[PDB]
Amino acid sequence: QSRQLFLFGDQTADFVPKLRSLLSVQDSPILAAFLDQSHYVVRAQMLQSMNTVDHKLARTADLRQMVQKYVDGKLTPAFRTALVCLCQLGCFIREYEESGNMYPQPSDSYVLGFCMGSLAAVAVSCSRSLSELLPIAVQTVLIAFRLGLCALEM
Amino acid sequence: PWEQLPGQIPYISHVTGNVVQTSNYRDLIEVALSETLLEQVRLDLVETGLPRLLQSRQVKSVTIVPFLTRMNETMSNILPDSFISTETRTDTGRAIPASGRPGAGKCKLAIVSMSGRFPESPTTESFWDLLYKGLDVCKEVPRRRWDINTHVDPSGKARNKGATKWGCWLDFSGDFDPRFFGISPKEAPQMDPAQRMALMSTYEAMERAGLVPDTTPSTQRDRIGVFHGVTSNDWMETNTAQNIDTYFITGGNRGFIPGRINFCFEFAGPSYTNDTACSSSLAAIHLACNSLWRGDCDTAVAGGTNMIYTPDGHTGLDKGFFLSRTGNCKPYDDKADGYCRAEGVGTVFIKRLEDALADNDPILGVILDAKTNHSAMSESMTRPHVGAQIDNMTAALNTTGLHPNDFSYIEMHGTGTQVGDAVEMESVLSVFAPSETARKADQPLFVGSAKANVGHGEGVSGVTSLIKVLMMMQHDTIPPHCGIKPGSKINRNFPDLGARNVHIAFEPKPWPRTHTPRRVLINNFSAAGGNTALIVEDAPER
Amino acid sequence: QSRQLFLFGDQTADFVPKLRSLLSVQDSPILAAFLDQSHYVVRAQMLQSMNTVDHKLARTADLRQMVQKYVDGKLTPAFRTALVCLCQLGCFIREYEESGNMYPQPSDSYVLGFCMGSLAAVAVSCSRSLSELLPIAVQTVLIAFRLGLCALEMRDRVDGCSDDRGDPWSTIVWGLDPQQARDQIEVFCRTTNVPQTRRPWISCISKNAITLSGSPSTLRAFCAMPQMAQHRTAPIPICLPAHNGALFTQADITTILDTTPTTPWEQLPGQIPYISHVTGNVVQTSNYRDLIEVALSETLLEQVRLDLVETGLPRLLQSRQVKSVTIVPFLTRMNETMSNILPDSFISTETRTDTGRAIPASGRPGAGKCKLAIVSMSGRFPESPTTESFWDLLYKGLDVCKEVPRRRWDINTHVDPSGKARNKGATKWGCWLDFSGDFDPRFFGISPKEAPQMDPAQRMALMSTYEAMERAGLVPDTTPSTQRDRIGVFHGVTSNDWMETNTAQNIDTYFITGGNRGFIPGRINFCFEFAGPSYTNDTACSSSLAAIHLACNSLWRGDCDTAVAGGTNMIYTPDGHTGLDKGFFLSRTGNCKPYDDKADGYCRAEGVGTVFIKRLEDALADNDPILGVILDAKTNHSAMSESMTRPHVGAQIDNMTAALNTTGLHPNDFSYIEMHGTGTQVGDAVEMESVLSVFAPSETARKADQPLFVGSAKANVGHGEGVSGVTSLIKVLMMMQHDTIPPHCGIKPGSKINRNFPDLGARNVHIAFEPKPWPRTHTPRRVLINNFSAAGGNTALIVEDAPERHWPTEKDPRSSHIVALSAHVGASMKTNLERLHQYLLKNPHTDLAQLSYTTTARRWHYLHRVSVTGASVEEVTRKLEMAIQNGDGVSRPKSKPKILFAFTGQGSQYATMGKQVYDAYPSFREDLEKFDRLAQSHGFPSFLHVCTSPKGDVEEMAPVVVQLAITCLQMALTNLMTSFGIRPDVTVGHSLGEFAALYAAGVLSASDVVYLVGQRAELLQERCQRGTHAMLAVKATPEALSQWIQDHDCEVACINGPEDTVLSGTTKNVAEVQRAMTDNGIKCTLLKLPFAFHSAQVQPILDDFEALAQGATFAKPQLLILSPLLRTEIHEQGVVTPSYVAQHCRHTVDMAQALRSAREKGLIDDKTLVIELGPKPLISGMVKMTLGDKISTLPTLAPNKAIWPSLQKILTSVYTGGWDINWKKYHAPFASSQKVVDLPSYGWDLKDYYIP
């Protein structure tokens, strides 16, 4: 029988336009919650793992300001991993929150990710509905931000 | 439990090309990080193993059938080529029924009517007629208010001694209709003139929107709030000496402007007054917008007043050279020496766009964002900070999600100081026209301020500027800028404004209404350090 | 195959409790959206289909108010259909949004609804996910409201005289056959001559009972007659027609489905099979609109045949499961009351029944839908320069109303009739603050000349704001919520005395600027560098509470992360008394004296008040001391009154009800009401009936054993007219602090309550006369605060009790603790020292670790500084006393010192090296393990066993492991000092510490240091031979040893001091020199080494090592490097190269000359801190012998010692020098001590800036 393949890409992608698209959607409650909570968790995490001078340049109150400061070179390469994972998960969330389709199921779906696009694949594969995917995706965004900090240190 | 989240959909590895053994969330994130940091990504193995993975599965099933491919960044195009041996497809769709409009938040605010009083302009029509030809109405005090010849005296070391003579008062300040508002004609002279003009302007704005209380869900008397912005009250609570009664301080202290509007019109929603001295009205509009976004009200009456009935305020400012010994504000140029104080009234009615669309109301414009911050990290409160203003304008832009090239006009604060305007100009250029050959190619940006035409309102500046901007969209015309004389020149600190595609109108410019909305940025600053920024859009065609 | 059944009930259910439960859920976005949108659509629809009088009674702004007005009988029966459908759909949404289950699917689910419960069944069956179900459910709620309106219209069309007769239109009759009931109905109607439209009809036919519907008058007369007395009957409280095809028609349904077009009828097809409650069969699959029409047909036109449902279902799945695996259970998801009827046949003669529940976990609610935590407070009140004095005055129940003191001005002379002239007095009362001129301008960067021109309220607001910031342990730019650009100021002020009006002595540039009226919050913003929004409010007698409302609104919107809400009221100019005390509005007697049969007015009072507010999440994350929680703020206007001054009971009732609806609390959850208590004879009467109507409506009201107390701070301090809101909030917060309801002083023992409140006690509403115990328990204590103004505005604030978090008690591994004090001048240093000493004497049982945490991490550190270290509170107290006696920080600090990092050589290794820091700080452990992994990736063996294990000394250890262990330990120590905020100004390493110095200087990266050290050690091991050379430490100047070295072929290895030198050479030559200089009396120490660097033993590896060093990147030094090789300083890029590193390992270490040259060039003085990084202090002796005893050397580690004395000495020396420590990193790994202790307030350097 037919199947569906979900593919997630790596950091080489151009995510700023697509992310700017997500921040403008209007009738999606789960997407708005996802963006808010992802920013909250990353804001908490970035105080612990940043020095005082580097944190003051990158401090943001909202996700739109974070996306602004990224394109101005006021963030670090660690934020790129987090923002690409966040864009991929938000794109999935919007695609399935706007079409009203049945959530992907074990018997008719596969998931694949490339070169750090596998975090979003893991998060998506471990859910049964869009309501269960919200906390898992926020946690995955946190882990993707932590992956970028480990590589910056190395 | 490590299996708090088990795995449901099968997972394929990008370093092996096989299906990963089913596990829980934590055990699968660890596998992902191991593959990312410890292993080689073998795309050839992926390409060889993905076709074989399906072949071993669908063969046991009915047959091998197409494959919908859902992508997020790339690598689709490779798959249909490797798959044309069998099965492939792609995806798109947005097909659920519409809803009720975005709630109290995440929604735009519609300005449905306006009114006010401005120097030599007892209406908004006269105000536009004065803007159109680029007139300045800086003028001295007449005998009606107070005669300077009676103040002839040496250096004013005594009490109530003036040091400046300019000022743009309103000649039509005593006119009122007390019977319409259920007020005794004996009580009328004891009222503050600003209060009476605010009452009449509020009724006029209510008339212009066709608003009748208790006739629509959004116009129930308990859902209408009043948000006034006032900083200096002249002959409202202190001066009066000819007559005093019990109802003298009660009814007019300072909170009775919105309170009297609430009582006279029977508005039973929240009521506030703001003192942010030179951005009181725009900050009050911000508070009204916040109340509408929270849900505290369904309709807001945001306005502001500025009266100079007592000229005592002239002496205080004319000590550090802050005030001007010359004509009108004269914004940015190599001629600035100060600003001239002006009086005024201004009202706007604001709803949420949904309520104005349902009520068939005449939308004048749409508010997209209001932002306020403080230039606290400055050498002094008076000194403006370029970084703070840049941060405020950038915050507004980030919130609205618009590019700097979507804006065709900037309504500047144009304080009129020689250095004051310099800071705001570099802030504007840094935000909107950062460089030559910047994204400005064939989309000019014009700048100007109502402070060139009517003076500095010090509390009605925000409402005055908003009313001016709404009347530009009404008449589809960018008015000429009167700050620079034809024989003068731009300030040397702005050497190549034109090279950046930033112009200052000298004759009325056509500003046609098209399918693309026209966006404006309004700026207001105070010597107290507060900065407010308001983004106004074009109303839709319904 | 198993399957699920979803059941939906009818209007007979009890939905108010469940609906109230739904309105309180917090982490469900789709449910919140559903509730919002359903209310929006019904609000739109109810204006069209309601008359003007009936709409005004039922108008609501939110769903919580709708649910409130329903239970008050202010709605119509049409709203009950809508609300029941809404409750069913919301219950389904919550069940599937909290469990995270897969949405119901066509192949494993069925849906069934009863008697208008079929609308929700249709909506649920026409969806594939919860995102597609939201709009469909909102539309279904609209259709249910329209169905209710149609039924109401038909009820009025049959009985227009039944607007009041909403009596049961239905009843249940047991043991009556349908045919017998039909015949009896026919006979009764024929005999009594009842019009055809009023005949009874059977609505439901169950197996045991039938339901009879009709007009109440005819229905009761039919049942209340013989031939039906035997049957037991009950009435159904529904009062609408339905299930009558002789009254309704398809045209009614067509009218219902009028405002519901979707372009394709199959815009929403059906997915889950649908079962009819009038047939018991599966309805043929259709689209949404065709299925809603079927539902309405069944509801309004057909008999609900429950008997056929019982037989229909078993047969339906019996023919289904049979083709499936076998007969399998039936999970039943129910919404109302039919779950247990099903098993009667579903457990035997059929399959089974079940139920379940589940949930995942997430994070707290966002900026909205979240509570606001009050983290600190401060203020000034009459006779109470602190909040402690204010409480001490509240507890004893005193009134401080008094006349103006004679010190300022005498009232006797001003005695005059009506003040037609200038400066004429007419009043004498008023509660001023005696302590109004005191200020500390230097703390705020204000000239003492400027201070007298400031408004006293502004200065007191500045000091109170700093005190409140201190009490919360708030340091700007240290947490996400305390970034300077996320802090706003919301002040409420109505009357400004001698701030903008009276100033006449002199006029300057700083007259209008700085003090107009908006400069209170503006000056706070500037002085504290708060760069968020700033507002001032004038709402005269509710300015402070309305400003708190504005601050709460900003926090709920997201404009700020921290809010500074306060208010002031000053009467510094009493000239305004005469105007107000004309119509008897003011009082010619004592204090406010709230409600009683003696009230005559109120007395004006001054005050200041500040509170710091965050969102509860941010205060929980910051470990802040939460005082209380704000749940709701509400504001409205009493505009529909005879006058603004006159209070309106309806408006106040509406405001309090709005607050209660928003919070979702019952009136019985409130144990105290803080009333406005204006003090007027009639003014208080209106507020009392409002309070009773809201909270204690009647005798035997829900008040049974839960008393309600009332009172007001206006009885104790007077009427603040702008600080009343903050004053009342501070009083209420200080009541929760001391667990006591204070006595009420309004009524004297010999007086009596006002006769308008005759039976307050009978309602369980009391007024405390003695302090009442108010214990803190597991149930939070809720308070309502009221504020009104003569302008007509009413504000209401609901304050809760803070939760109990965890406070993770656990012993601190540290043996000693640091206690830090600081001040901007010397007088404040002495004051703060004395205050902390007295506090510790008064509280000898305080936690020392938490005291250190509070004094260091949660404070800002000023110029003058003092430090103390002790093992217990008593030792700390003694040391504080000694510091007071000597006057430690009273003298101006003087310039800061330079910091020199010295790195030890390779003779300092020992087992269990730096294991104490490895066990104390996870960051140090992580760094050391990172370096150990880094070396292994370079091809070297792991060295971590050297620093942890206690086994093996030199036998199993090669040079590479020990050298790398020393070097990586030094690099980790450098990282740890850098985390604490210690920045070296210059570095120097002896022999193997040169590499660590280069790493600290920015020349080399960690990998380059590891690579060079390991490659050098490996080359040494491979080529050279062990045990050929030896070193000799000699107590003689190197010049004096020229002859002995030029004849025995030795060499100078190191020059460690003016008279300390180390010589190297072959064993035989070393022994010969030792003998020769022992015969000459010189004292020499012989050292046996396996490899001797800086000797001829390392010649062979010189060329090989220089080639390997080409691969390392030598960057520009970031700080000065002292070079013992060049005997000079390095400050350029090209000096350190592979040629430098090759010579370093072969030539002599002239540490003495490097230090001397650094001293001569002025780069290091005697007042510089030499921090010695390494396993053992050896360069400390070198520095002492070379430079002198006036230079402070601070070791880090030692073989047999505790780290804490040494680490704390380093931190204390750096801190007292004037540098800033990252105290949060020093306390980070000890969560037990991370709690704020309530220490004294700042020792302000107060002076009287009173202007004559």
# chains A, B, ... in the order shown; residues from 1 in each chain; ligands from 1
call {"tool": "select_by_dssp", "arguments": {"residues": "segment 40-128 of chain B", "states": "strand (DSSP E)", "output": "ChimeraX atom specification"}}
result
/B:67-70,89-90,109-117
call {"tool": "write_last_selection", "arguments": {"atoms": "C-alpha atoms", "output": "tab-separated table (two decimals), in the first residue's frame"}}
result
chain	number	residue	atom	x	y	z
B	67	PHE	CA	4.93	7.51	-2.40
B	68	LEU	CA	3.86	10.87	-1.09
B	69	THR	CA	7.02	12.79	-0.18
B	70	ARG	CA	6.72	15.54	2.43
B	89	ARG	CA	4.56	12.04	-5.40
B	90	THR	CA	4.57	15.33	-3.45
B	109	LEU	CA	-7.23	47.68	15.72
B	110	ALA	CA	-9.41	49.83	13.46
B	111	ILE	CA	-9.62	53.60	13.84
B	112	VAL	CA	-13.25	54.32	13.00
B	113	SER	CA	-13.48	58.08	13.57
B	114	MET	CA	-11.52	61.11	14.70
B	115	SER	CA	-11.92	64.74	15.67
B	116	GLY	CA	-10.02	67.54	17.33
B	117	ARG	CA	-9.16	71.21	17.49
call {"tool": "residues_around", "arguments": {"residues": "residue 462 of chain B", "least_positions_apart": "3", "cutoff": "12 Å", "atoms": "only C-alpha atoms", "output": "PyMOL selection string"}}
result
chain B and resi 228-230+276-286+302-306+344-348+370+411-414+449-451+456-459+465-469+521-526+531-534
call {"tool": "write_last_selection", "arguments": {"atoms": "C-alpha atoms", "output": "PDB file, in the first residue's frame"}}
result
ATOM      1  CA  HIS B 228      -6.832  60.386  27.915  1.00  0.00           C
ATOM      2  CA  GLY B 229      -3.294  61.713  27.772  1.00  0.00           C
ATOM      3  CA  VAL B 230      -2.640  65.063  29.445  1.00  0.00           C
ATOM      4  CA  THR B 276       4.378  60.938  29.790  1.00  0.00           C
ATOM      5  CA  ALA B 277       4.801  64.526  29.137  1.00  0.00           C
ATOM      6  CA  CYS B 278       5.581  64.875  25.419  1.00  0.00           C
ATOM      7  CA  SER B 279       4.232  61.437  24.467  1.00  0.00           C
ATOM      8  CA  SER B 280       1.171  61.363  26.731  1.00  0.00           C
ATOM      9  CA  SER B 281      -1.362  60.992  23.907  1.00  0.00           C
ATOM     10  CA  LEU B 282       0.542  58.317  21.999  1.00  0.00           C
ATOM     11  CA  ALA B 283       1.230  56.417  25.227  1.00  0.00           C
ATOM     12  CA  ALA B 284      -2.476  56.727  26.080  1.00  0.00           C
ATOM     13  CA  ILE B 285      -3.278  55.280  22.653  1.00  0.00           C
ATOM     14  CA  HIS B 286      -0.859  52.478  23.534  1.00  0.00           C
ATOM     15  CA  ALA B 302      -8.227  57.624  23.071  1.00  0.00           C
ATOM     16  CA  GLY B 303      -7.317  61.287  22.940  1.00  0.00           C
ATOM     17  CA  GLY B 304      -5.241  64.056  24.401  1.00  0.00           C
ATOM     18  CA  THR B 305      -5.310  67.734  25.234  1.00  0.00           C
ATOM     19  CA  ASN B 306      -2.745  70.469  25.734  1.00  0.00           C
ATOM     20  CA  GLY B 344      -4.914  71.382  20.796  1.00  0.00           C
ATOM     21  CA  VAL B 345      -7.490  68.662  21.275  1.00  0.00           C
ATOM     22  CA  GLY B 346      -7.688  65.301  19.569  1.00  0.00           C
ATOM     23  CA  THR B 347      -9.903  62.231  19.728  1.00  0.00           C
ATOM     24  CA  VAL B 348     -10.005  58.894  17.939  1.00  0.00           C
ATOM     25  CA  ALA B 370       2.381  50.189  19.612  1.00  0.00           C
ATOM     26  CA  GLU B 411       5.906  60.967  10.625  1.00  0.00           C
ATOM     27  CA  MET B 412       8.803  62.205  12.721  1.00  0.00           C
ATOM     28  CA  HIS B 413       8.722  63.815  16.141  1.00  0.00           C
ATOM     29  CA  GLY B 414      10.770  66.691  14.716  1.00  0.00           C
ATOM     30  CA  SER B 449       6.139  66.209  10.878  1.00  0.00           C
ATOM     31  CA  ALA B 450       2.998  68.090  11.841  1.00  0.00           C
ATOM     32  CA  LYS B 451       5.242  70.101  14.178  1.00  0.00           C
ATOM     33  CA  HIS B 456       4.811  71.276  19.352  1.00  0.00           C
ATOM     34  CA  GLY B 457       1.741  70.026  21.203  1.00  0.00           C
ATOM     35  CA  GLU B 458       3.550  68.534  24.214  1.00  0.00           C
ATOM     36  CA  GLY B 459       0.756  66.072  24.860  1.00  0.00           C
ATOM     37  CA  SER B 465       0.346  63.328  14.167  1.00  0.00           C
ATOM     38  CA  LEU B 466      -2.067  60.398  13.924  1.00  0.00           C
ATOM     39  CA  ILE B 467      -4.877  62.686  12.741  1.00  0.00           C
ATOM     40  CA  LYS B 468      -2.557  64.244  10.162  1.00  0.00           C
ATOM     41  CA  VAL B 469      -1.540  60.811   8.885  1.00  0.00           C
ATOM     42  CA  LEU B 521       5.511  55.055  11.260  1.00  0.00           C
ATOM     43  CA  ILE B 522       4.735  57.655  13.934  1.00  0.00           C
ATOM     44  CA  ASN B 523       7.378  58.722  16.448  1.00  0.00           C
ATOM     45  CA  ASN B 524       6.970  60.485  19.780  1.00  0.00           C
ATOM     46  CA  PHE B 525       9.656  61.310  22.336  1.00  0.00           C
ATOM     47  CA  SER B 526       9.765  63.155  25.633  1.00  0.00           C
ATOM     48  CA  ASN B 531       9.805  56.793  23.332  1.00  0.00           C
ATOM     49  CA  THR B 532       6.584  55.601  21.692  1.00  0.00           C
ATOM     50  CA  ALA B 533       6.233  54.212  18.166  1.00  0.00           C
ATOM     51  CA  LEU B 534       2.963  53.522  16.342  1.00  0.00           C
TER      52      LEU B 534
END
call {"tool": "interface_residues", "arguments": {"of": "chain B", "to": "chain A", "cutoff": "6 Å", "atoms": "only C-alpha atoms", "output": "VMD selection string"}}
result
chain B and resid 7 to 12 14 32 36 62 65 to 74 93 to 96 398
call {"tool": "write_last_selection", "arguments": {"atoms": "N, CA and C atoms", "output": "PDB file, in the first residue's frame"}}
result
ATOM      1  N   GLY B   7       8.062   5.137  20.669  1.00  0.00           N
ATOM      2  CA  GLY B   7       8.096   5.509  19.267  1.00  0.00           C
ATOM      3  C   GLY B   7       6.961   4.850  18.504  1.00  0.00           C
ATOM      4  N   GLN B   8       6.400   5.591  17.548  1.00  0.00           N
ATOM      5  CA  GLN B   8       5.274   5.113  16.756  1.00  0.00           C
ATOM      6  C   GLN B   8       5.638   4.921  15.289  1.00  0.00           C
ATOM      7  N   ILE B   9       6.067   5.973  14.609  1.00  0.00           N
ATOM      8  CA  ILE B   9       6.343   5.894  13.173  1.00  0.00           C
ATOM      9  C   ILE B   9       7.750   5.337  12.973  1.00  0.00           C
ATOM     10  N   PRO B  10       7.952   4.388  12.059  1.00  0.00           N
ATOM     11  CA  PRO B  10       9.295   3.829  11.875  1.00  0.00           C
ATOM     12  C   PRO B  10      10.304   4.887  11.459  1.00  0.00           C
ATOM     13  N   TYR B  11      11.542   4.687  11.899  1.00  0.00           N
ATOM     14  CA  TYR B  11      12.604   5.676  11.800  1.00  0.00           C
ATOM     15  C   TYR B  11      13.736   5.108  10.955  1.00  0.00           C
ATOM     16  N   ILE B  12      14.226   5.903  10.006  1.00  0.00           N
ATOM     17  CA  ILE B  12      15.273   5.490   9.079  1.00  0.00           C
ATOM     18  C   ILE B  12      16.533   6.291   9.372  1.00  0.00           C
ATOM     19  N   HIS B  14      20.173   7.966   8.523  1.00  0.00           N
ATOM     20  CA  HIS B  14      20.881   8.586   7.414  1.00  0.00           C
ATOM     21  C   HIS B  14      22.353   8.207   7.369  1.00  0.00           C
ATOM     22  N   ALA B  32      20.144   9.804  17.438  1.00  0.00           N
ATOM     23  CA  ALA B  32      20.261  10.920  16.510  1.00  0.00           C
ATOM     24  C   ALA B  32      21.537  11.714  16.755  1.00  0.00           C
ATOM     25  N   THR B  36      24.774  12.283  14.388  1.00  0.00           N
ATOM     26  CA  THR B  36      25.164  13.635  13.999  1.00  0.00           C
ATOM     27  C   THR B  36      26.627  13.916  14.317  1.00  0.00           C
ATOM     28  N   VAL B  62      -0.329  -5.379  -0.745  1.00  0.00           N
ATOM     29  CA  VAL B  62      -1.039  -5.466  -2.022  1.00  0.00           C
ATOM     30  C   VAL B  62      -0.052  -5.367  -3.181  1.00  0.00           C
ATOM     31  N   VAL B  65       3.147   0.910  -4.532  1.00  0.00           N
ATOM     32  CA  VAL B  65       2.269   1.980  -5.000  1.00  0.00           C
ATOM     33  C   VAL B  65       2.973   3.316  -4.792  1.00  0.00           C
ATOM     34  N   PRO B  66       2.436   4.425  -5.323  1.00  0.00           N
ATOM     35  CA  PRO B  66       3.148   5.705  -5.223  1.00  0.00           C
ATOM     36  C   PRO B  66       3.574   6.046  -3.808  1.00  0.00           C
ATOM     37  N   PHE B  67       4.448   7.040  -3.690  1.00  0.00           N
ATOM     38  CA  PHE B  67       4.934   7.512  -2.404  1.00  0.00           C
ATOM     39  C   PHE B  67       4.750   9.012  -2.332  1.00  0.00           C
ATOM     40  N   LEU B  68       3.928   9.457  -1.395  1.00  0.00           N
ATOM     41  CA  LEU B  68       3.863  10.871  -1.090  1.00  0.00           C
ATOM     42  C   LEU B  68       5.132  11.255  -0.345  1.00  0.00           C
ATOM     43  N   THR B  69       5.804  12.299  -0.808  1.00  0.00           N
ATOM     44  CA  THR B  69       7.024  12.786  -0.183  1.00  0.00           C
ATOM     45  C   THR B  69       6.742  14.161   0.403  1.00  0.00           C
ATOM     46  N   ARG B  70       6.903  14.284   1.714  1.00  0.00           N
ATOM     47  CA  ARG B  70       6.718  15.539   2.427  1.00  0.00           C
ATOM     48  C   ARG B  70       8.091  16.033   2.854  1.00  0.00           C
ATOM     49  N   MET B  71       8.425  17.260   2.469  1.00  0.00           N
ATOM     50  CA  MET B  71       9.760  17.802   2.650  1.00  0.00           C
ATOM     51  C   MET B  71       9.707  19.059   3.498  1.00  0.00           C
ATOM     52  N   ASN B  72      10.842  19.379   4.092  1.00  0.00           N
ATOM     53  CA  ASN B  72      10.968  20.576   4.903  1.00  0.00           C
ATOM     54  C   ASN B  72      12.063  21.509   4.423  1.00  0.00           C
ATOM     55  N   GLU B  73      13.213  20.985   3.998  1.00  0.00           N
ATOM     56  CA  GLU B  73      14.197  21.855   3.358  1.00  0.00           C
ATOM     57  C   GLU B  73      14.599  21.419   1.955  1.00  0.00           C
ATOM     58  N   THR B  74      15.011  20.173   1.759  1.00  0.00           N
ATOM     59  CA  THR B  74      15.429  19.722   0.430  1.00  0.00           C
ATOM     60  C   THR B  74      15.591  18.206   0.447  1.00  0.00           C
ATOM     61  N   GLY B  93      -1.455  21.659   0.799  1.00  0.00           N
ATOM     62  CA  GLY B  93      -2.865  21.833   1.148  1.00  0.00           C
ATOM     63  C   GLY B  93      -3.211  22.670   2.377  1.00  0.00           C
ATOM     64  N   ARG B  94      -4.330  23.416   2.303  1.00  0.00           N
ATOM     65  CA  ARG B  94      -4.853  24.247   3.402  1.00  0.00           C
ATOM     66  C   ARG B  94      -6.370  24.352   3.199  1.00  0.00           C
ATOM     67  N   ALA B  95      -7.118  23.418   3.782  1.00  0.00           N
ATOM     68  CA  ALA B  95      -8.518  23.249   3.399  1.00  0.00           C
ATOM     69  C   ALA B  95      -9.432  22.942   4.585  1.00  0.00           C
ATOM     70  N   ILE B  96      -9.295  23.666   5.691  1.00  0.00           N
ATOM     71  CA  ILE B  96     -10.280  23.525   6.766  1.00  0.00           C
ATOM     72  C   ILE B  96     -11.183  24.752   6.763  1.00  0.00           C
ATOM     73  N   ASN B 398       9.685  44.449  14.075  1.00  0.00           N
ATOM     74  CA  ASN B 398       9.696  43.013  14.323  1.00  0.00           C
ATOM     75  C   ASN B 398       8.305  42.512  14.654  1.00  0.00           C
TER      76      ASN B 398
END
call {"tool": "residues_around", "arguments": {"residues": "segment 483-491 of chain C", "least_positions_apart": "5", "cutoff": "8 Å", "atoms": "only C-alpha atoms", "output": "PyMOL selection string"}}
result
(chain B and resi 373) or (chain C and resi 476-478+520-521+524-525+529-537+544+547-548+550-551+559-568)
call {"tool": "residues_around", "arguments": {"residues": "residue 342 of chain B", "least_positions_apart": "2", "cutoff": "12 Å", "atoms": "only C-alpha atoms", "output": "MDAnalysis selection string"}}
result
chainID B and resid 117:120 136:141 166:171 232 278 305:309 311 313:314 327:329 339:340 344:345 450:461 464
call {"tool": "select_by_dssp", "arguments": {"residues": "segment 447-628 of chain C", "states": "alpha helix (DSSP H)", "output": "count of residues only"}}
result
51
call {"tool": "residues_around", "arguments": {"residues": "residue 1219 of chain C", "least_positions_apart": "2", "cutoff": "9 Å", "atoms": "only C-alpha atoms", "output": "ChimeraX atom specification"}}
result
/C:896-897,981-982,1214-1217,1221
call {"tool": "write_last_selection", "arguments": {"atoms": "N, CA and C atoms", "output": "short mmCIF file (atom, residue, chain, number, x, y, z; two decimals), in the first residue's frame"}}
result
data_model
loop_
_atom_site.label_atom_id
_atom_site.label_comp_id
_atom_site.auth_asym_id
_atom_site.auth_seq_id
_atom_site.Cartn_x
_atom_site.Cartn_y
_atom_site.Cartn_z
N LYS C 896 42.60 49.89 42.07
CA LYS C 896 42.53 48.44 42.05
C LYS C 896 43.90 47.83 41.76
N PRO C 897 44.13 46.59 42.18
CA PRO C 897 45.42 45.95 41.93
C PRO C 897 45.44 45.13 40.65
N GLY C 981 35.02 35.43 37.19
CA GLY C 981 35.21 36.81 36.82
C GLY C 981 36.59 37.37 37.07
N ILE C 982 37.58 36.53 37.33
CA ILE C 982 38.94 36.99 37.59
C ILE C 982 39.70 37.00 36.28
N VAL C 1214 40.40 39.37 45.76
CA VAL C 1214 40.00 40.01 44.52
C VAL C 1214 38.81 40.93 44.76
N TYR C 1215 37.84 40.48 45.55
CA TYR C 1215 36.64 41.27 45.81
C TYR C 1215 36.97 42.55 46.57
N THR C 1216 37.85 42.47 47.56
CA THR C 1216 38.21 43.66 48.33
C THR C 1216 39.11 44.59 47.54
N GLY C 1217 39.86 44.06 46.57
CA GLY C 1217 40.65 44.93 45.71
C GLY C 1217 39.80 45.91 44.92
N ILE C 1221 33.15 39.96 41.13
CA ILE C 1221 33.14 38.51 41.12
C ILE C 1221 31.81 38.04 40.56
#
